[PDB]
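Shown here is one chain on its own, the form deposited in one PDB entry, set out as structure tokens.
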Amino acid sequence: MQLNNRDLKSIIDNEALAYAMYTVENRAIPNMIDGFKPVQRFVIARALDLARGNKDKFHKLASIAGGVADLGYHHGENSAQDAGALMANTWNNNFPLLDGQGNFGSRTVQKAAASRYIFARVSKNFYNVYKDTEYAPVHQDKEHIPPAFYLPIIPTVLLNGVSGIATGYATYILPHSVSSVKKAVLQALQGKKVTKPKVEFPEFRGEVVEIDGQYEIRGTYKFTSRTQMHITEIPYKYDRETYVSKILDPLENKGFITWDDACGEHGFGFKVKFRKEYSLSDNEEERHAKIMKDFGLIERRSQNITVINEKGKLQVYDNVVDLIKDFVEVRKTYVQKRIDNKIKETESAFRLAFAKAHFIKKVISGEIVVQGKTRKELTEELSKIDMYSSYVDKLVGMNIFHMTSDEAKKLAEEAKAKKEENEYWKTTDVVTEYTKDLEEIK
């Protein structure tokens, strides 16, 4: 029986230092590298677990969200359901990481079906841009089966567009076009001046202009008569449920306009006819300004880049350029790590293939006789030769057809191919490889 004398201050400190670990694995701040909030990281890891065997199979969203609790996600399965539902569509993401089969929503109506009906899988975008996932850092919490963060080759934190409001901190990033982000990353890699990546919202036909840092996200319209106008786009912040109930409802309530729906397969649409009681300014600029202000067609968005570095700390950036630079640096280090491990692995593979080719050549010629040598009497004989130091377990134990004439040459060809691969991996740097992985995004 031990009688320790822990004080109440230690009790309070230790109890508080578990709500400071229960609200940090659920911090709605995207990681700098993979752009994943922890719930999205768990969903992606679960969808990668389910994608083993058939990458193209669509798994139920209920299954994907129910399997996250076994990977170390200590929050509800509804959170994983909603993360997958918002992650598996195309209207909300420039570069969606999950594919979708079912009704995942649209810009018009932004709610997915029940998680039991909609199916999802990791898209070709994920496998295209998320590489070196075997070198991703292991989490400090050993119950966190997914890594500390994944390793995309471009800062996916900008592509899809994040918005996280937490206690004491808030992040807000606008979706950037994939091509501009790729070009900025290439410029940072080579060492050139990085041009500001342009903001491009997914499935948005309007226009975005940068003024004083703030972004004017403006809808577009076209006039068909003196009193008939056609709204052919609205700002990305709207959906038909809230556009009608915030802008068009008061307008038709005051008798200004009469409108009918024109939505469809081509986004939004609202044909509008004005009334006499709604005065139209004769000046073109005044009319355009009052239409833009009256119809909610202009929204201003301010970017607040609050992300979590590779060190696990909270970092705030003024402009996305330095985000690109630091991400390029850390991903450059990880590509170097991949370079080194691949160098050693291809060297070992080349040595093994060379030993295999030599053994096949000698047994075809007849130098090494495998006839009438039992099992633990030829193995130690092979162990004597230097080339077969630790390869005998794999050298005698390979199939018989390797000893024919056709596959004897095929083994030497693979030996030379592995030697060439080793030379390639030991000649290039991070610049060359991080570049080569960059032209395989489109």
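Take the two forms, superpose them, and find the largest set of C-alpha atoms that agree within 1.5 Å; that set is the rigid core. Note that residue numbering follows the sequence shown and begins at 1.
Beyond what is shown, the protein has a form deposited in another entry; the following relates to that form.
- Comparing the forms between the shown form and the other one, the C-alpha position of residue 348 differs by 2 angstroms or more, with the core used for superposition.
- The Cα position of residue 358 differs by 2 Å or more between the shown form and the other one after fitting on the rigid core.
- Relative to the superposed core, residue 329 undergoes a Cα shift smaller than 2 Å between the shown form and the other one.
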